[PDB]
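> this one's structure only:
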Ligand SMILES: *[C@@H]1O[C@H](CO)[C@@H](O)[C@H](O)[C@H]1NC(C)=O
Ligand SMILES: *[C@@H]1O[C@H](CO)[C@@H](O)[C@H](O)[C@H]1NC(C)=O
């Protein structure tokens, strides 16, 4: 839940209060 | 009285029993969140001067 900077059009290729990793 | 097992405790041991400490000018600020915080060790322990 970080104050993230996102791309104009986020995609995937082939200050934080909470963090969890499975 | 029944509650879930006291696990997922916050790591006060990484703060109080740290191998290295920062200066007062620029101290280390650790965020403690999403846990069970057991303060009985810190309160009852005789290792503390105050
Ligand atoms: C984190 O939040 C504080 C308080 O709003 C702000 O001063 C600081 O610049 C922020 N840090 C980042 C990387 O955004
Ligand atoms: C630090 O480690 C010692 C090991 O003897 C332990 O007794 C003490 O309670 C620990 N301190 C904290 C804050 O856990």
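Thanks, I have the structure now. Residues are numbered from 1 along each chain as shown, chains lettered A, B, ... in the order given. Ligands and ions are numbered 1, 2, ... in the order given.
> now residue 19, what's its secondary structure?
In the absence of a named chain, this looks at chain A. Following DSSP: H, G, I helix; E, B strand; the rest coil, the label given to residue A:19 is coil.
> and it, how close does it get to residue B:34?
Using C-beta to C-beta, to the nearest Å, residue A:19 is found at 8 Å from residue B:34. From N, CA and C alone the C-beta is placed, and that goes for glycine too.
> what is the burial count for residue 10?
Assuming you mean chain A. Residue A:10 is flanked by 7 other residues according to other C-beta atoms under 10 Å in any protein chain shown.
> wait, I meant chain B there
That count, for residue B:10 with other C-beta under 10 Å as the rule, works out to 16.
> over to residue B:42?
By the measure other C-beta under 10 Å, the count of residues near residue B:42 is 13.
> can you tell me how far it sits from ligand 2?
Distance of residue B:42 to ligand 2, given as C-beta to the nearest ligand atom, to the nearest Å: 6 Å.
> helix or strand: which one has that residue?
Residue B:42 belongs to helix B:40-44 when elements are defined using DSSP states H and E.
> check which residues of that helix are buried.
Of all the residues in helix B:40-44, not one is buried under the rule 16 or more other C-beta atoms under 10 Å in any protein chain shown.
> what sits against the residue lying farthest from the centre of chain A?
The centre of chain A is farthest from one residue, residue A:14, which by C-alpha atoms, centre = their mean lies 17.6 Å away. Not one residue lies near residue A:14 by C-beta atoms under 8 Å, 6 or more residues apart in numbering or on different chains.
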